[PDB]
Amino acid sequence: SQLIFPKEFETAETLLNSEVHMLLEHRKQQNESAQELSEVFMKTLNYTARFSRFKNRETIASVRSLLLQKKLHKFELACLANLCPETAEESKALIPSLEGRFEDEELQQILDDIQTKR
Amino acid sequence: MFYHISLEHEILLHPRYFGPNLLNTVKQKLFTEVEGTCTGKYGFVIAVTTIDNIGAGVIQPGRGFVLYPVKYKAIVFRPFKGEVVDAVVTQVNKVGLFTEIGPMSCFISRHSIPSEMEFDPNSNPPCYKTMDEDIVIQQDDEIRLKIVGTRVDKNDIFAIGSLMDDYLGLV
Amino acid sequence: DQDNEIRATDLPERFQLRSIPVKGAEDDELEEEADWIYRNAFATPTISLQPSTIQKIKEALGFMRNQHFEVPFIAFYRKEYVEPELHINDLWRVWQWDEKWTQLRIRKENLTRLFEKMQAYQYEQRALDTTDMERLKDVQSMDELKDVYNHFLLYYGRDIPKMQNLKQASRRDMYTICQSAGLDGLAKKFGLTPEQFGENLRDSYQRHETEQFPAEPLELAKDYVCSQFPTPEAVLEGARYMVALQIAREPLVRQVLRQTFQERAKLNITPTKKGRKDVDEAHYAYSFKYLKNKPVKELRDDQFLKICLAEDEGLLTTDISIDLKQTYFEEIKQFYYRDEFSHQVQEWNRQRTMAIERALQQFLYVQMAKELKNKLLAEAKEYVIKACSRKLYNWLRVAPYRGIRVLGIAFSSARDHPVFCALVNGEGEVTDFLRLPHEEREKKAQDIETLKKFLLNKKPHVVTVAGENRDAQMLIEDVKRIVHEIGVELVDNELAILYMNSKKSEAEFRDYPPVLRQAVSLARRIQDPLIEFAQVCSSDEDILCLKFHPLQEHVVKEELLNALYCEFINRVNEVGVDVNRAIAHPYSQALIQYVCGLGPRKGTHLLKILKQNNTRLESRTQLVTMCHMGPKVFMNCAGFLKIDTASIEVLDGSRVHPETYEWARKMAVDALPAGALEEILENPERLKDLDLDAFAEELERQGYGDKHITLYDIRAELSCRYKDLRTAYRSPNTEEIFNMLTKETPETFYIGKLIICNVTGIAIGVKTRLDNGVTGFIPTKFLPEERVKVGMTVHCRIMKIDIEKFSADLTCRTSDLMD
């Protein structure tokens, strides 16, 4: 959460719950073109098809691009962009590790940006 | 949460597959016997995105098997405690809620869910509800919750959640 | 503990373990039930192949809710108020829908309180007219109560400080974003409101006319662009999204499309790649592995349970849609359309016709198909539970055979383990037992001989053989001619196997070996079927471990417990239970929990209080005072609660309620009380002395009710006290005999079935045995020792079968591998 609890995940880039969805269905179309998949893969594919707010390679790529410009924690880069808060205060209430870091006007601006990409 | 990490595994390949498609057999066995396994140090693994390289394969002395060390970039789901996640509740009980954060099974106690919520049995989606039915948590509701306890059982991971905070309700 | 409270209070026991507490009604609600219940049950046709009664449901709910009569006490002793139409099972159906009606009001009462607190918030400041209160009052189904609730949550769901007068955890739909950007007006300035489109649909013509706005959509779109929404095409998308969603959560729109899915909805199935291989002829998914344009009304009894069962494992992917594969969108796009050929009308009709289709494709087609799937599945789950109830009905609708001493032959496969048998008393307890351990064929003649020597000592009135293999078919003759030197019956052992593994029997029979404990129950089953089932199937795991259907694991378990426990409570009260027998014999202790009024608690309590007295039931009045049990529960229990009269009112051993004892004496006084105790007991001396009609208008005057066919009972009760109406014990036809031994059924005696087989010996054509043990004759027309050998297993399809000869003819020919 606020501190990273284990020691290995830091040098491991985090994926959005829509980028996961697009590359998992890429694995799907890879599979039926040529064994059958696990319950964990299919159940995760369903779960990330529920909460997939972006549907186009350009849109996910753009959201990645903006969040790379905005200089924030790599854990928080996806924990907002696949959660999509509306108010800055809800982003602060859900994330105890982003309070005291950012000013609220540009917060609402970039939240409007990620909502604009949808 | 949904990480894209690099981790390593070892393939004990049997001498039947020492033909032209040896490396393909190494890849196929990696995809087979790691995908879906829940290593509690590294959470669940969803799908192996790619393989960096297949190492040098040492013949095990006296056993015939070749132990190929493979390193691979794979999707991983990890439940760090004290996290807000997008559950999908599936089974309601007197003790609380049993929900499914994806691959993962999670449990929420009756005193880790708010006191104004009380168990209403006998409704055909038996659900916890307020006194005047403000919002109801029946089967298949996208509740958000704070996972606060995480237990590893070497088969799956069972997380323990709570709704004692702001913004922890149905969506 | 509550186990004291159930024992303490004077309600019927199952009224108290009902999840909703039972409460009385006020004759208006009790009318609001019986017209709803007669609508939602008993009249609406199922979507699968499976008037004056409202007064009877009105009456029945009077006994249950107000006067607290349980279903046994209503279906036998108040038949005038319910019969002809309401059978004993329909009284069980009505009591289950009172449970569903109560949940509907309990949720509506909680939902009226929620809307009025919103009007308490809104009038303190869209329009919550009384129509929003009206449809909430006019809710008839729980499905409609969800359309209203979702409709209310769409608009006024974003109103939290109604509770202020732990925040909300805001929504995830894009609607909240667009309405934050104030695109409501551009949604409003579409040519109609969602509600008036709903009036178009249910009337199927343009009753409300679209209010065209004299502008271009794009030039109106410039007013609403923002930082949140640049690009005035994106405020077209942001507007058509609201129009679709406001159409979606509009109940008048959602109801009418629901009733289209009831009638015109098609089931198309395709298999997965994993289902293109695992599906074969033996798999249950053969009959529907591919389907196109199957209307859901063309579904048959449990077809849809299996389809969603195959979809659950991953074999099939299916969809339910209204259009064929003249679409229904084409039907209803006219209802939101201006025929005026002006250009600005055309883009407004363009935007209108592409907002209405997003409502269909994105919102309604998803939610209505899922809802229809759950409703079809709930039909198919109900058919199985009805089928699992008809089978328990048949196993209990068999009369005890003609105190009966019965010996029961039980065998397993007879190699390294012997055949056992156990004798039983005339009242159910064990008497003696024996072993029958069947060259050494000549030693079987020694075992045949000792059967007569034992039955000459104690005399069975019938011997019963546990059909466990096909080996039973000849064992029948063995003991049959032992007798030729008293009958023989082939009695199945499916609960006897359970009786073995039951820990309850091991308390009864510790030293007795397994097949001996099985051998007890068949002599107990033929002694009386009901008494054994109540004993062995006295726990949840026990009763479900029997097999009533293949699919019975896939229906709602606790529902299946109720529809099986109601069949016990049906039969036990019809039969009646003799109490003072059950204090002595523990084998009959499990019967009394199925009497109305009693149950798991008062049943154990009544027998224990008698053990405090260590006395015998002589009269039903002994129960009310000397067993101090309340007159409300006494009015349920005593009408079915036998007392042996040869142990004192003789009417205590009859199907005559204690309260109607006096009218029973006037049936005997006018046969000319204490002198009349035995008068019609000893003969039904003449049945025409009793003027049954003339008593009825006298019963209209005093007694205060139409007791017309109550008299017809008491007249027939004096004739024969507890005449058992169970069908007399027949012997199995060869169909049952074929099905008992082979452990499989005419849906697995499929003619065309590729089966495993075993050739064991040839004595003309090739003769083979199945693993079931039947004889499989390979026809000479399909026949050579070299072509088919001896000792092996070969894939074989059946062209001809029977049930009496155990012939299971094979082919071995690869030209039979199609059709």
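Look up a bit, the structure's there.
Described in the following lines is the structure provided in the data block.

## Remarks on the overall build of chain C
Here comes step 1: Per the secondary structure count, chain C includes 36 helices and 15 strands.
Here comes step 2: For the C-alpha atoms alone, the extent of chain C along its principal axes is close to 110 × 90 × 55 Å.

## Description of helix α3 (residues 29-40) of chain C
All names here are of chain C.
Here comes step 1: If you check α3, its first and last C-alpha atoms are 16 Å apart, about what 12 residues at 1.5 Å a residue would give, namely 16 Å.
Here comes step 2: Inspection of α3 places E29, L30, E33, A34, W36, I37 and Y38 among the buried residues, and these make up the whole buried set.
Here comes step 3: Looking at the buried residues of α3, the elements they touch are α4 (53-66) and α6 (88-122).

## Side note on the sheet that holds strand β8 (residues 96-100) of chain B
All names here are of chain B.
Here comes step 1: Taken in spatial order, the 6 strands of this open sheet run β6-β13-β14-β9-β8-β7, and their pairing is mixed. The strands lining the two open edges of the sheet, one partner per strand, are β6 (83-86) and β7 (89-93). Across the sheet, the mean angle from the axis of one strand to that of its neighbour is 35°, orientation sign disregarded.
Here comes step 2: Examined bridge by bridge, strand β9 (residues 105-109) and strand β14 (residues 157-162) share 4 bridges and lie parallel to one another. Bridging from a neighbouring strand, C106 pairs with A159 of β14.

## Structural notes on the interface of chain B and chain C
Here comes step 1: Contacts between chain B and chain C engage 19 residues on the former and 21 residues on the latter.
Here comes step 2: Here the side of chain B that touches chain C is built from residues that sort into 8 nonpolar, 4 polar and 7 charged.

## A short note on the nonpolar core
Here comes step 1: If you look at the biggest cluster of nonpolar residues, it comprises 182 residues, and the most contacted ones within it are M64, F197, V296, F304 and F533 of chain C.
Here comes step 2: Element by element, the count of residues in this core is highest for helix α19 (residues 343-396) of chain C, at 22 residues.
Here comes step 3: Sequence-distant contacts of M64 of chain C, defined by excluding residues within four places in its chain, comprise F15, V22, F69, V71, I74, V94 and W95 of chain C.
Here comes step 4: By size, the runner-up hydrophobic cluster in this structure holds 86 residues, among which are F41 of chain A together with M1, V48 and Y128 of chain B.

## Points about the side chain of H283 of chain C
Here comes step 1: Structurally, the position occupied by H283 of chain C is in the loop between α16 (275-278) and β2 (291-295).
Here comes step 2: Contact partners of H283 of chain C, with chain neighbours within four places excluded, come to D278, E313 and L315 of chain C.

## What about the packing of aromatic side chains?
Residues and elements named next belong to chain C.
Here comes step 1: One pass over the full model with this rule turns up 35 aromatic pairs over all chains.
Here comes step 2: Their ring planes at 80° and their centres at 5.2 Å tell us that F197 and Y336 sit as a pair that is edge-to-face.
Here comes step 3: Using a relative accessible area of 3% as the deciding quantity, one classes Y336 as buried.
Here comes step 4: Ring centres of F433 and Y512 lie 5.3 Å apart, and the angle between their planes is 75°; on these two criteria the pair is classed as edge-to-face.
Here comes step 5: Classification of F433 as partly exposed rests on a relative accessible area of 46%.

## What to know about the pairing of β9 of chain B
Residue and element names in this part refer to chain B.
Here comes step 1: Judged by how many residues are buried, β9 sits mostly within the fold: 4 of 5 residues are covered.
Here comes step 2: Across 5 bridges, β8 lies against β9 in antiparallel orientation. Residue pairing for β9: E100 is matched across the bridge by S105.

## What about the side chain of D809 of chain C?
Residue and element names in this part refer to chain C.
Here comes step 1: Within the secondary structure, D809 is located in the segment after β15 (796-797).
Here comes step 2: Within the structure, the side chain of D809 is placed 3.0 Å from the side chain of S807, a separation counted as a polar contact.
Here comes step 3: When neighbours within four sequence positions are excluded, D809 is seen to be in contact with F777, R797, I798, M799 and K800.

## A word on the packing of α4 of chain C against α6 of chain C
Residues and elements named next belong to chain C.
Here comes step 1: The interhelical angle for the contact between α4 and α6, taken along N-to-C directions, is 70°, at an axis separation of 11 Å. Accordingly, the angle class assigned to the pair α4 and α6 is roughly perpendicular. For the crossing formed where α4 meets α6, the hand is right-handed. For the pair α4 and α6, contact is made by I57, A60, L61, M64 and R65 and by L91, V94, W95 and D98, respectively.
Here comes step 2: For the contact of α4 with α6, the residue count by class is 7 nonpolar, no polar and 2 charged.

## Observations concerning unusual backbone geometry
Here comes step 1: Residue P84 of chain C is reached from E83 of chain C by a cis peptide bond, and omega for that bond is 10°.
Here comes step 2: For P84 of chain C, the location among the structural elements is in the loop between α5 (71-77) and α6.
Here comes step 3: For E133 of chain B, which is not a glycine, the phi torsion comes out positive at approximately 60°.
Here comes step 4: Checked against the element boundaries, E133 of chain B lands in the loop between β11 (127-129) and β12 (136-137).
Here comes step 5: Of note, the phi angle at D27 of chain C is positive, near 70°, even though the residue is not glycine.
Here comes step 6: Assignment of secondary structure puts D27 of chain C in the loop between α2 (13-16) and α3.
Here comes step 7: For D27 of chain C, a relative accessible area of 55% puts it in the exposed group.

## Notes on the interface of chain B and chain A
Here comes step 1: Listed by partner, the interface residues are 34 residues for chain B and 34 residues for chain A.
Here comes step 2: For the chain B and chain A pair, buried surface summed over both sides reaches about 3100 Å², with 65% attributable to carbon and sulfur atoms.
Here comes step 3: When the area that chain B buries against chain A is broken down by residue, the three leading residues are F2, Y3 and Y167 of chain B, summing to 20%.
Here comes step 4: Along the contact surface separating chain B from chain A lie 5 salt bridges.
Here comes step 5: The residue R50 of chain A makes a salt bridge to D140 of chain B at a minimum N-O spacing of 3.1 Å.
Here comes step 6: If you list the elements that add at least two residues to the side of chain B that touches chain A, you get β1 (2-13), β3 (43-54), β5 (66-77) and β6 of chain B.
Here comes step 7: The element that contributes the greatest number of residues to the side of chain B that touches chain A is β3 of chain B, accounting for 5 residues.
Here comes step 8: Partitioned by chemical class, the residues of the side of chain B that touches chain A number 18 nonpolar, 5 polar and 11 charged.

Calculation notes
- Residues numbered from 1 in each chain as written, not as in the entry; some residues may be left out.
- Chains lettered and ligands numbered in written order.
- Part of a larger assembly, values for the part shown.
- Heavy atoms only, no water.
- Residues with missing side-chain atoms left out of burial classes, pairs and counts.
- Helix = DSSP H or I, 4+ residues; strand = E, 2+ residues; numbered from the N terminus.
- Expected span 1.5 Å × (residues − 1).
- Buried < 20%, exposed > 50% of the residue type's maximum accessible area, 1.4 Å probe, protein only.
- Contact = heavy atoms within 4.5 Å.
- Pairing = 2+ DSSP bridges.
- Axes fitted to C-alpha atoms, helices over the stretch in contact; angles between N-to-C directions.
- Nonpolar A, V, L, I, M, F, W, Y, C, P; charged D, E, K, R; others polar.
- Core = buried A, V, L, I, M, F, W, Y, C linked by side-chain atoms within 4.5 Å.
- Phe/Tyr/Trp six-rings, centres within 6.5 Å; stacked < 30°, edge-to-face > 60°.
- Polar contact = N/O pair within 3.5 Å; in protein donor to acceptor, adjacent residues only side chain to side chain.
- Parallel < 35°, antiparallel > 145°, perpendicular 65-115°, else oblique.
- Left-handed = near helix turned anticlockwise from the far one by under 90°.
- Buried area = accessible area lost by both parts, 1.4 Å probe.
- Salt bridge = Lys/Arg side-chain N within 4 Å of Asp/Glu carboxyl O.

So far we have only geometry, and geometry alone does not tell us how the molecule works.
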